[PDB]
Structure formats: structure tokens, C-alpha cells
């Protein structure tokens, strides 16, 4: 079977996704309108860090809808190795945009981070977060 595995982490969020803890820092999270809303603290470069409690992801791509007042760094991490990887930094947008990003990290990852890169407290809204084991080019949106 050469088709990808698509993991819908959350569609509309009314809390953390079942199977995930938050190992984030320097922010508060709220949930409204199906969005996970990150409110980072000024000067903390805060982030949500969704930690898959059991198991890991490998390579593939990350898909999500986001709007954001400031630049957002997308990272993944391997908690066993304590190794992080910067996937992309996304510029501000006042409207939701769908991103599909290749993850070229070559260790498995069990943490997915959305970070307030400028450290200015700019808010971030996320919906419809999905991992695919396949490439962004080959992604068909579940």
C-alpha cells in the first residue's frame, strides 16, 4: 500500500486533541469558533507544543489553516532525543490560509510546535491540523 496515512489531529478544536498533551510554554490557549487560539506572552517567544502521548510521526507533511497577527514558526521535535527542527516560518495573515508543508526532518517526531517567533504577543488561530506520511505535492485534503 503506497498511499499515505492521514492523521486528522483536529478539525474544530474545543480543547486539546484526544491523545495529545500540551508541552507549550509562554502562552495561554483558548477555544472559540472551532479554532485553537494561542495568546503568547510578550517577550516569552511562546508556543503551543502538541505532544503525541503514544507514538510518533515520520516525515511527510503538515496541513493546517492558520491566521496570525505576526510571524509563526512551525517546528517539530523528537522528545526522546530532545531534537528540534524548523519546518517553516509563516508571515502574518488577517484571514485563514491553508498551509501544506513538507517535513524533511529525518527522526520521528512526537511534538508539533506553533511559536510566536517575534516574541511580541501576536495571536495565532489554528484549525484543521492534519499530518500526512506523504509529500505536500501528493496531499489530498481529508
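Positions refer to the first chain, counted from 1.
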**OP:** On mean C-alpha B-factor from the PDB entry, just flag whether 72-80 or 28-36 is the higher one.
**Re:** 28-36
Subject >> Mean temperature factor over C-alpha atoms, higher-scoring stretch between 107-115 and 41-49 >> reply: 41-49
**OP:** Among 102, 94, 88, 65, single out the one with the highest C-alpha B factor in the record, please.
**Re:** 94
Original post:
Taking the values straight from the PDB record, which of 14, 133, 128, 22 has the highest C-alpha temperature factor?
Top reply: 14
